[PDB]
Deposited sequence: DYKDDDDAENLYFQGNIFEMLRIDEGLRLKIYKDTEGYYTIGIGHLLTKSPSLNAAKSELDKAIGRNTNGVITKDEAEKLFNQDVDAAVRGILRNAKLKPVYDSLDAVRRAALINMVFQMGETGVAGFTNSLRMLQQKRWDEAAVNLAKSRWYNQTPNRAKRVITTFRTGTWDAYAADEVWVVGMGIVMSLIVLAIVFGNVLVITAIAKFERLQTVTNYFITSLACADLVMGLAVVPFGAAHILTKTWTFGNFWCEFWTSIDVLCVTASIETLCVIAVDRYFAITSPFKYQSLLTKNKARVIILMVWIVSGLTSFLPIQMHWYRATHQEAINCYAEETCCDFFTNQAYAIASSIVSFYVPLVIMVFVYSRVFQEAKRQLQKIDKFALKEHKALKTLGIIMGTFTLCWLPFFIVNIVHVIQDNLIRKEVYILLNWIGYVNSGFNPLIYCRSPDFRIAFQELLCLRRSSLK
């Protein structure tokens, strides 16, 4: 065939899209216990009946959790048993032979899902597929109990029967490709934006103010994000696995939490800084020295380390359930699992306490601007819009993740993994936004031009 280019058309990548890969036992749309790539364990409502059938199939005590390797072997067995089921049947084999490669997979898909016996019950639709009446079979199949239970999956399989191509599955890979370049643009923006801020402050003797000393720290935290955290996370998602062993998996995870903490806590420190800088400028200038500020920065990074490298390297963050035990053992797994204790304690430090202070402080600013020595004019609206961007961008990017992070702790299975990762990535892009928020000063503006000779 000479084909090693992506998206070869077959039943394996087709079902992987319809079924998905889930290592721990779950319930399908009907309520039956399924595991791996669409493997029906049992129809018994008991979870212990499910586990007993699973242990019998795998050959060991699994505790409801199998490995990737075990999941794939179950997959191929289930596919081969579907193909063997088709060739053994008297209604499936005549139709199966007379189908093309693409429409053979569409049949296997149905058999794989609702069994050999069930599929052979489609007398009319099989009669149409045999006589090559694809569009009638397509209309007809859409009138079944199968179409009402899993419509999204049925439409794809029906479309595969009608068109005879992989159109309904072809697009799925394009979106992975589009995803990959966007990640690149994120990394680029975070790196370029923050390397600029740090250079501007280090090089120009005039951006050497206390507030900028906090900006530098925020810019440093965002810098390590786009260099270490964001790219490695991108590769982890794109390649579906982790190829740097267990040590760098928890080292990377440590850098993740470290920089997110140091970033948000600095945003908090900046808000407080600007409160005193604005409300009481004479006390602010005399009390807050550059040495005192460099101590504040150290402490923010120390707290950050305490909530990142310390619990993680000492494995205190670790969960105890079987799926977490297996992933910790697997050199190619780096999924994130924590206990209630850590996920709550880290969230309060990394996000919630900074959030509260920032909401409080920025309120005290707006509220104290009303009670100064003073028409409802222009300058106040533009100022209110500024903190609306300052506080709005922070909230919109990090709040949805840390809420969901908590909800996943309270009630398990409530948040699908895809969402938890997307919302985490919406938090990552805040590192790109910050240089557009905290560096609009006329001094930054001038420095930015001279640095790149515009």
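Sequence order list of spans that the model leaves without C-alpha positions, deposited numbering | Missing C-alpha atoms (numbering from 1) occur across the ranges 1-6, 381-383, 464-469.
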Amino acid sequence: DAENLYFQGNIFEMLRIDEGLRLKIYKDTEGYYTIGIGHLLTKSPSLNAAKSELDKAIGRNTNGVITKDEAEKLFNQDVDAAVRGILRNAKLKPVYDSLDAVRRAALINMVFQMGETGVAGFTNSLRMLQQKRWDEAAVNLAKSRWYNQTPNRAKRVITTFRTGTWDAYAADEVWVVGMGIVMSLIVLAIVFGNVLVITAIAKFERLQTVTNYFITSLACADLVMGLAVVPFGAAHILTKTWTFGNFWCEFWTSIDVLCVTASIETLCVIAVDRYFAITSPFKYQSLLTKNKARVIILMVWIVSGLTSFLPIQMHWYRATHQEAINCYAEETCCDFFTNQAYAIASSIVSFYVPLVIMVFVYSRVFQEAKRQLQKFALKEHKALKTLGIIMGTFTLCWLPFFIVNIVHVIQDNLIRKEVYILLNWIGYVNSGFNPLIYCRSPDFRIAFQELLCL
From here on, numbers count along this sequence of modelled residues.
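Which of 138-146 and 172-180 has higher mean CA B factor, as the PDB entry lists it | Stretch with the greater average CA B-factor: 172-180.
According to the deposited model, is the average Cα temperature factor higher in 44-52 or in 65-73?
-> Averaging CA B-factors over each stretch, the winner is 44-52.
Specify which of 37, 423, 387, 429 carries the largest Cα B factor in the deposited PDB entry.
-> Top of the list by C-alpha B-factor: 387.
Quick one: which of 274, 315, 294, 236 has the biggest Cα B-factor according to the entry?
-> Out of 274, 315, 294, 236, the record gives the largest C-alpha B-factor to 294.
Lowest, middle or highest third: where is residue 33 by Cα B-factor in its chain?
-> As the PDB entry reports it, the C-alpha B-factor of residue 33 lands in the highest third of its chain.
For residue 337, does the deposited CA B-factor place it in the lowest, middle or highest third of the chain?
-> According to the entry, residue 337 has a C-alpha B-factor in the chain's lowest third.
Could you look up the Cα B-factor of residue 151 in the entry and say which third of the chain it sits in: lowest, middle or highest?
-> For residue 151, whose C-alpha B-factor we compare with every modelled residue in the chain, the answer is the highest third.
If you rank the chain by CA B-factor, which third does residue 413 end up in: lowest, middle or highest?
-> Ranked within chain, residue 413 CA B lands in the highest tercile.
Could you tell me which third, lowest, middle or highest, the C-alpha B-factor of residue 252 occupies within its chain?
-> Lowest third.
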